[PDB]
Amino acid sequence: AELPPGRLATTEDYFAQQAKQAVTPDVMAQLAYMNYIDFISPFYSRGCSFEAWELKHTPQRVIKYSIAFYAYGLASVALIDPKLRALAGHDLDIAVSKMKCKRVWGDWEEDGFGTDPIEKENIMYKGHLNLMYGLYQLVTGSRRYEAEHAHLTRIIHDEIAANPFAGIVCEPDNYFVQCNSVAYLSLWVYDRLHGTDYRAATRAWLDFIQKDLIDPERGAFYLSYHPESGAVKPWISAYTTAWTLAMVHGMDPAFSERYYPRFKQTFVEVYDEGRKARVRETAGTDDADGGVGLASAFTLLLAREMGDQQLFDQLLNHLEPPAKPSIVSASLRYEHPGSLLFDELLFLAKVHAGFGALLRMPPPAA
């Protein structure tokens, strides 16, 4: 009912978008920024131009994540607003297309790992690409990428089946649970589009991460796992855990509902007499948003995914006002974005319908 002094819309309105079958005016102004201006908007063209990311100063290694999080948000826009589904499909088509430019995956070759970014490992890239394939087809019904979707899904499936641990590495001896959660979710999307049972591998993965990679008492994942050396980095990560639990909640709700409360105790800091919240990146500090600086942003998505309106309001009251949003000519801009992936992650959280709902998204109007 109320509007904090730096907010564009209430938490109640964002949560009510799907019920009203319409996005809020500030979410529409974000779509305007994404689509409106010729040449320099990010979703103007399927070509290999990245002026939009250059204007925002996005580091090259992060463009792939920017594109993915836009894509995940567009999928929920499609489910929220039938009137906007066609735009979302058009944007997803451009997203898939840009995701394959060498400007996006080229770091894999620059680092010396090879010329093929999908053949082996590099799950940090092809996991998002594979999920984007499926989200696009669920939204649009187009089979444009169906051959490529089935190819990358088979590659992913075979790689899981061959590893003694459950899941896939990004680089040799570098295993990240959050990147695996994206890959497993893409098997569910494929199963939903086809008749397959690629998701059958999800059980062993949840068992594997639950006994080996998670601190059950604090409800937090460790930074990363290294199978060849049997090592686990001894720090628990807030941004890691929030992302993983958000995507897991769409495959196995009970799993994430068990750790979410313990997770909030470990990392979440409520302040300003309960009106604001910020998130510790790791244990043993009171500093907020260390490391990659995304603990608060990803926790905002997790609260949305978990339906935690109180924490969503508290995190947004910390994130948005200091970023100084403004709407000029019906288009959204942030003057002091507080982190990398800022407008992408706030966009995603405001519209996110939950990864489960995207799995059950209805077919298009044919």
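We number the residues from 1 along the sequence you see. By rigid core we mean the largest C-alpha set that fits within 1.5 Å across both forms.
Asks: Please work out whether 205-213 or 73-81 has the higher root mean square C-alpha deviation in 4 other deposited structures of this protein relative to the shown form, with the rigid core as fitting region?
Replies: Farther on average in 4 other deposited structures of this protein: 205-213.
Asks: Which of these two stretches, 169-177 or 183-191, has the larger RMS Cα offset in 4 other deposited structures of this protein when the rigid core is kept aligned?
Replies: Higher root mean square deviation of C-alphas in 4 other deposited structures of this protein is shown by 169-177.
Asks: Averaging only over Cα atoms, indicate whether 238-246 or 202-210 has the higher B-factor in the PDB entry.
Replies: Result of the comparison: 202-210.
Asks: Could you check the entry and say whether 5-13 or 349-357 has the higher mean CA B-factor?
Replies: In the deposited entry, the stretch with the higher C-alpha B-factor mean is 5-13.
Asks: By the entry's C-alpha temperature factors, tell me which of 37, 340, 328, 31 sits highest.
Replies: That would be 328, according to the entry.
Asks: Out of 296, 76, 196, 130, which shows the largest CA B-factor listed in the entry?
Replies: Comparing C-alpha B-factors across 296, 76, 196, 130, the top value belongs to 196.
Asks: Tell me, lowest, middle or highest third: where does the Cα B factor of residue 290 rank within its chain?
Replies: For residue 290, whose C-alpha B-factor we compare with every modelled residue in the chain, the answer is the middle third.
Asks: Rank-wise, by C-alpha B-factor, drop residue 336 into the lowest, middle or highest third of its chain.
Replies: Residue 336: CA B-factor falls in the highest third of its chain.
Asks: Compare the C-alpha B factor of residue 138 with those of the other modelled residues in its chain, then answer lowest, middle or highest third.
Replies: Its C-alpha B-factor, which the entry lists for residue 138, ranks in the lowest third among residues of this chain.
Asks: Ranking every modelled residue in this chain by its Cα temperature factor as given in the entry, which third contains residue 72?
Replies: It falls in the bottom third of the chain.
Asks: Quick one: classify residue 123 as lowest, middle or highest third of the chain based on its Cα B-factor.
Replies: Middle third.
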